[PDB]
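Following this are structure 1 and structure 2, which are two forms of one protein chain, each written alone as structure tokens.
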Structure 1
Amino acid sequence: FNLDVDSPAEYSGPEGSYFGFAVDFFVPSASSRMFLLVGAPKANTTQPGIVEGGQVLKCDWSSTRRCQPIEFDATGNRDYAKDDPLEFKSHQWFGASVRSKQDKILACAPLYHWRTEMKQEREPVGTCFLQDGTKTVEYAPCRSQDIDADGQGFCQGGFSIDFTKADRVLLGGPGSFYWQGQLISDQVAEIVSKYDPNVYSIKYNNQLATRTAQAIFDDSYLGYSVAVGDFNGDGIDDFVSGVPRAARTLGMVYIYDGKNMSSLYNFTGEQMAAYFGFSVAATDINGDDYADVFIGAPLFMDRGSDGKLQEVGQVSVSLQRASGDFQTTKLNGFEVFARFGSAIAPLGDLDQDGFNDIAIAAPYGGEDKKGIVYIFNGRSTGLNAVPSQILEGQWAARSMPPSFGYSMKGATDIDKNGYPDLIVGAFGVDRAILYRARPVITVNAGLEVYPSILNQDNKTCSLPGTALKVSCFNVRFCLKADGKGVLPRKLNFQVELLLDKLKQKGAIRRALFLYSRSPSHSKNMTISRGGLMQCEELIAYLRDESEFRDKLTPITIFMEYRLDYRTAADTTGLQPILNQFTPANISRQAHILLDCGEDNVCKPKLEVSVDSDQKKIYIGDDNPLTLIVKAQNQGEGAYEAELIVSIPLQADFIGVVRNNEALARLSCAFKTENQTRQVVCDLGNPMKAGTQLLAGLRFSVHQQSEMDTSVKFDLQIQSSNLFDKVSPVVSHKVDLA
């Protein structure tokens, strides 16, 4: 979630050269300079008589971002005789697979055709050029004397390669033994020491190679993709190979022993022609020191909303256990015809949280079918099924789909800030992009508030300017930050404090700060990483007890913090990111002390009654009608209590009776909102317990329709309380005479 996308670094190669088909890092042991290795399998080289012979470039990161080819092989086609070329380097696709250990570079040419030593043929045996800094050797493991289609003639060795930590080379040829596939493992030392330019079929010792099988395994393409990881007791790395056409084109993944090339486990797809094994990876995603297998099936079809299959692709995550058990889960694609599981690139601990992450790329997804790379972060339980980052290609297709995300590399820190980076190679536009992870800053925010219950009567506080001596309370807020890797010591933080949250709908504000005299107060903080609390004391004072609309809704405290994002690295302005799953805002609650029993809520009992005192009115006159209403709350406090007298279309309100002391002078109003006219009268806020109100309302009635026979009123008390907030509706009838 922290990969920088605003300003990545792009590398452009020769047009139509498939630059960026295979990407990798360069980590020289004898130098401190870090380079990017990028393959250009269709580029043009200076070799004599070789056209589109492919090349491998090394591109700097901080030196003009220029790309210079590596001179693995500066010669042309060797001659077996007077006029008899021995090898054919034209259109050999050199650079289709680039791997790099500390000082070693293994660039392979899958389509290199070599005329046999027996008959004039053209067989894509494939060659690999191993480079150890100074001594560049040629490693063709399946250029042997058993040359035919039945053997390693169409080996295409170097289609998929990998490096084990014990200085061993894993090589995969999907064409050996009638396209059954092969895995060849030779030690780097043996390869370098056994090189001899005058002999083409060199036999290495300590060679682990898979053998031929029955004819029912043909066209399985074993070695289409190879990964390396440890999957048994010993510390020797085992070989994981994708076999995408195995088991009647279902797909499979073979795991072989890293000591003597013996099969250990097997994975199988569920859908035909889904290409299960196109890309495989072996990384520890839950951080219990046990490698986990990730298998990509970019052509997987799953049922949609209407039950029709849609090609979205799938990635299967198999979590290793203490025994041979694997807890396999499926990660379905997101867009149809996107090839989700095309390339799987373990990023290592991208955000430095403890568990390694992973990036799976759909190279034909997104808008304009440019390309999408998803990023899934590993957790203790396993792999998060929701991507935490989306990377979009930004180069439109010219003649071929850009294929952004067809091949990526990860788990190598190139700017030395402590976070692994990612190279994404889009060869449809001949581009390579380097995404550098931003530092992750976690924040442990805190918001300590004074006791939630606020007493309105308790007014032992001072005020500026007027000294009204009203109630006040204090709010304490503070936060710490700490992140791994390179990070500036002092991080600028600004915190905004909002008073009476979840109520900003044009209403009034009740709680208000003592000094700023505003519901909002912002302050700047320069906190130090890994430090203790840095808490400032703020004082807020409530308004008048009879000023705000209601005292029921709790007062909410809101504190939102945002990183300055100007604490960027001096290298390329890499601004640190905040942790993705932590909230960026803290909300606390406050209550206004109100005697409401032990349940902490006021539950009133509202009663209303009325007598006629006239019991009859004459039709033709405007008769003065006075209704004696008794409004009593025998329950607890009733907040914002008013009685509702919904008079009919006939009469209208005149005024409250004030000529007698037995009745009250209730403040009353005439309302007409929402299709109904009615009379409201304030009953007290709040309306205390056991309070019995008695008052009279004068009216004036003049009949509408000559056959009406009655005048019916409706009386009801309602309050803004949450439970038992309304009185039973009482209907009073006056008979026309």
Structure 2
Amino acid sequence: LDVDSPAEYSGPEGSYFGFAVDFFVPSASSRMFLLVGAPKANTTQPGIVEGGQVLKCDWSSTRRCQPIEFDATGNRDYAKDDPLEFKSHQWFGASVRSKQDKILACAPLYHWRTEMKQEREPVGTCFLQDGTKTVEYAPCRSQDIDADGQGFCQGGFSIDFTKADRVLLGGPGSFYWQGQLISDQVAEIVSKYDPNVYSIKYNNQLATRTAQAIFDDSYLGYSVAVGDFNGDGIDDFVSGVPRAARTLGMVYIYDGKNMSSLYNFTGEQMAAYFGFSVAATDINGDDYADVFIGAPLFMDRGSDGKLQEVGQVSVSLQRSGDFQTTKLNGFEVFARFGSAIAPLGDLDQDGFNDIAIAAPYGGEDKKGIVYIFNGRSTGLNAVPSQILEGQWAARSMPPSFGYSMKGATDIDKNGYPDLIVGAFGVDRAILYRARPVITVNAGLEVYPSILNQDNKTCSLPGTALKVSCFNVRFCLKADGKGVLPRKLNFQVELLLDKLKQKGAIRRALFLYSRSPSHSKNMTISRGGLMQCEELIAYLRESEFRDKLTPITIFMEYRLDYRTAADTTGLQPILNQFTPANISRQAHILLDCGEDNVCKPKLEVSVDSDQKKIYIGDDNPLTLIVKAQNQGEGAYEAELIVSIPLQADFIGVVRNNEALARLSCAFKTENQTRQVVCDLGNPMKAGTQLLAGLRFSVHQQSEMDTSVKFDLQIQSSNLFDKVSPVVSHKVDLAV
């Protein structure tokens, strides 16, 4: 989904614009729209305050949301004078549903004053719009009056359309808030529509029956969903009952042909509001749809043992087996995770349907968040693929972002499903469009898998210098779907030793461009081939004191950022599982054993010629050191020899064949002064070394009596990297 720049819709301030959302696809034209319900909006109706609106928002390039005029009349008057009806503060637009060219908008809080007595009953009413017609459907406005009947039914609190266009209403208030489910065909509603009679009945309506007083205050119909669970092509009704089972909550599935109960799924914790929202869709790739139940107020025990309110979603897979198969829990307190659920369809087109879940108080600043959970074989993933949060700044009132959701429909026809998120706290709705997914993998290989430290058979171009250059190659291949153009564009970066952090010596270069790193722009035919290229590199001789470790060949690739967007106006995205980062180790061999891991060892000794020195004037001094090596050769060896403060180093003895040709550059950063001599070129196993260092002594007074030396030597490789300390002394005579 595109989070960087979604499309946002704004309604009148304070309207609750965004309380309900849905897609609209009429048959009269190819035009695409979005329906947003605004239950608190003021209307044109005479003598009605905050009657509610439903606003039509086209997907055109230049558009503003426009209210749908379902009903312009004010409240009906009874015989004589007083009003029959109370349309003020009816929540028209609290629920909005659509089925091709049909729209169902409901006002759960609509009241009416019956005949036979002065009452005020929130029966609730729905308006059903067709391509031409607009009809009223208020099945709970009946002759059964009062809370003992259907007076407080609030029909239309939750609604949905069956695939064959049946209207489904849930009224939580019928029969002392037992709740009720009511449904009719669009044909039945239109056939029996007589606007001049308030208590009209639909002759083939399906409704749940009144039950015992034991079941009061259950709120059956708080939320509804449709799916096939009996297996005969007629969608069944899924209804939430968040206060039943003595407040544990439960969800019923009713046969779509006769309203008889099929299955019950019960919450695990009282007051969790198990059933606040429900959804039905197959997620594990079978033919059979599965059930989702939200419990926004679920509490789970924290580390210290106290209960923490995070919310939870229950998943029931079907072939339906009573006990839930997997759960998703919120990670933040009072987030109300699971307040909304929406099937996304096959969001990533990988072959399994995905779900979207909302927490109207999750995220930073508690603005609310929507979590995308990808489906797959054996159900939903334990972790979300994406998080959506309101990008507008938080304010005093919550945005309630993610309160309402709808997906599984394609708006721009780019081939991927899109999503609608409503935030009625700011009077906004926001549109997220799915971007094309590009799945790719790469290759990285070297012909001389092991690099020789001294082969140097390869010459530089037009230059006398010869180096141990080697041949390397890399590959990249991609696949895509949707309207994704087949000419994909990638950028790949090659690096030889980028892991040499903290400014460590760069040690290798590419032959062309003579640089350690190189960036290559690439273009690939989607799924058309696997493409490879070759390169030449060489080490830069060998001015690096890092032969202890191999070269860290490295590469990374990303989609060509600056490429033009597609026709629909979006840029593709790499699949999350792709290995955008890849590396291999190139080993270095001088003579480091048949196993390529040599095991060095070091021996050393020290002596001095003029072991007696005078005081009061400059006197010469010399130090003699010898080293013996063990193992498969040695390199990087260094004389770490400390020297006193009262003498200065005046060079090694280069002018005798009996002594090794060392090179020295002494350092005096601290009182632990060092002579710092290199032992020269690499040497083979069993080699012996002898050297002599000259010094000048500048003792000023007889307070001192001797001078002392301490030394150490480095190893060939990581094993026994530095030798123990050895010491020597020189005496002062007088």
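Counting starts at 1 with the first residue of structure 1 and goes up one by one along its sequence. The term rigid core refers to the most C-alpha atoms you can superpose between the two forms while keeping them within 1.5 Å.
Q: After superposing the two forms on their rigid core, pick out the one entry in 101, 476, 490, 379 with a CA shift of 2 Å or more between structure 1 and structure 2.
A: After core superposition, the single residue displaced by 2 Å or more is 476.
Q: Superposing on the rigid core, I want to see if residue 265 changes position between structure 1 and structure 2 - specifically a Cα shift of 2 Å or more.
A: It does not, since the residue 265 C-alpha is displaced less than 2 Å between structure 1 and structure 2 after the core fit.
Q: Examine residue 674 after superposing the rigid core and state whether its CA is displaced by 2 Å or more between structure 1 and structure 2.
A: After core superposition, the C-alpha of residue 674 moves 2 Å or more between structure 1 and structure 2.
Q: Superposing on the rigid core, does the Cα of residue 431 end up 2 Å or more away between structure 1 and structure 2?
A: Moves: no, less than 2 Å.
Q: Once the rigid core is matched, what's the CA displacement of residue 412 between structure 1 and structure 2 in angstrom?
A: Spelling it out: core superposed, C-alpha of residue 412 shifted, distance 0.8 Å.
Q: Align on the rigid core first, then pass along the CA displacement of residue 531 between structure 1 and structure 2 in angstrom.
A: After core superposition, the C-alpha of residue 531 moves 1.2 Å between structure 1 and structure 2.
Q: If I align on the rigid core, how far apart are the two C-alpha positions of residue 453 between structure 1 and structure 2? Answer in Å.
A: Here residue 453 registers a C-alpha shift of 6.7 Å.
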